[PDB]
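Quick setup: one chain, the form deposited in one PDB entry, written in structure tokens, and binding and motion questions come after.
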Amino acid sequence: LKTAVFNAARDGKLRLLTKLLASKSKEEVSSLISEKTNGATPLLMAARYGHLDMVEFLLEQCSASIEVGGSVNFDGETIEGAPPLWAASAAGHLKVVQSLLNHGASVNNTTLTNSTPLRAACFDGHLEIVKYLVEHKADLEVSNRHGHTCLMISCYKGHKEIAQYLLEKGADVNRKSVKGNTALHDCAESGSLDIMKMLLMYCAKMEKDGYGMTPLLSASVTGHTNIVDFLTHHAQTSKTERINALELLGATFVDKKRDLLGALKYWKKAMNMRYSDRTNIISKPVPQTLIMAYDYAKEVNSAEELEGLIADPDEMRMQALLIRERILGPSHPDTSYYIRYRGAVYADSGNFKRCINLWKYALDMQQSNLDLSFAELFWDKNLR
């Protein structure tokens, strides 16, 4: 019967439920209401699926599970510890949110990952819920267990109106997550140029994160040329930051975009800057040794060495690997990742020796730089 009660509440079948409940006691209803059916409770399941009248009914009986967190499903994932207010917020149910709050639900109660209802509404961009939680004293600066903020997830998701509202309400634009991520990096990674300019209206400062990435280098890693174009013309980036960002973006064009002509265009820009001031030429750093996995290649160091690259796609592919290891280094996950992808392409074309040398090298890199495997192929930020 406790299972019939939950399934009735979960699906908003309020007629059925009131029959099963009218024949019973008042003290025994509060018990069947608070039953952990499949990790959830009736109120939580009803709030998660928007059945406004059901939850208004469940609370008229026993308003005593209103803060109990449980299990809800979103996008085929399972969220642990989510109170009802959080689930109504995550799923966009404005009036269930308004109701739960009128019944005294705690606007700050979180999931097990310390996600607030406000963060949940920011994730899928429910602007009107965001405004209501904030007008009802949501704390803008409570972040999840990784230190990722409502502002950061708004920037990462591309929600311009939400990010703007949060900033008008005094959200701190310069917060840093545990890994050193600022909202400016979320903008760089999502290609959200409008939001990035909005953050710079508040003097958001460009910083390195834990990978040593500025937001400019984040946009080069992820391939968003609108951010790279904007930030390489911004006075807060130095000449050499710009050169490296353009060379890295070229490498991204080779390995991620499979666009060799795009790659060459950014490598020429960068090579121009390297030689623009003849009194202070900025030539390529020199690595410790040549590398067998990279076919012993060497980065081009002159405009002339560049023009004789397009007809040699295989030279460009080694240029990209060298560029990425120089600028990102062995600890960034993309370095070993694109070494393995490069080996995979050589394998598919029958060059198994080249493949194996690349894969041996990427494995050595991972193991000698310790605190996306082949099996798994066969991240934090997307947490609600």
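Superpose the two forms; the largest set of C-alphas matching within 1.5 Å is the rigid core. For every residue, the number given is its place in the sequence shown, counted from 1.
- Comparing the two stretches 194 to 202 and 74 to 82 by root mean square C-alpha distance in 7 other deposited structures of this protein, with all structures fitted on the core, the more displaced one is 74 to 82.
- Between stretches 319 to 327 and 341 to 349, greater average Cα displacement in 7 other deposited structures of this protein relative to the shown form, fitted by the core, falls on 341 to 349.
- Gaps at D11 occur in none of the other compared entries of the protein that contain both adjacent residues, all of which model it rather than a third dropping it.
- Judged by the one-third criterion across other entries of this protein, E376, modelled here, is also modelled in every one of those that cover both its neighbours.
- If you average the C-alpha B-factors over 188 to 196 and over 87 to 95, the higher value belongs to 87 to 95.
- For the pair 298 to 306 and 225 to 233, the record assigns the higher mean C-alpha temperature factor to 298 to 306.
- Considering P287, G158, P117, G76 together, the PDB entry gives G76 the largest C-alpha B factor.
- The PDB entry assigns its highest CA temperature factor, among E80, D172, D314, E247, to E80.
- Among the modelled residues of its chain, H51 has a C-alpha B-factor that falls in the highest third according to the deposited record.
- Compared with the other modelled residues of the chain, the Cα B-factor recorded for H103 ranks in the highest third.
- In the PDB entry, a CA B factor belonging to the lowest third of its chain's modelled residues is recorded for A320.
- Looking at the C-alpha B-factors along this chain, the one for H332 belongs to the middle third.
- The PDB entry assigns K268 a C-alpha temperature factor belonging to the middle third of its chain's modelled residues.
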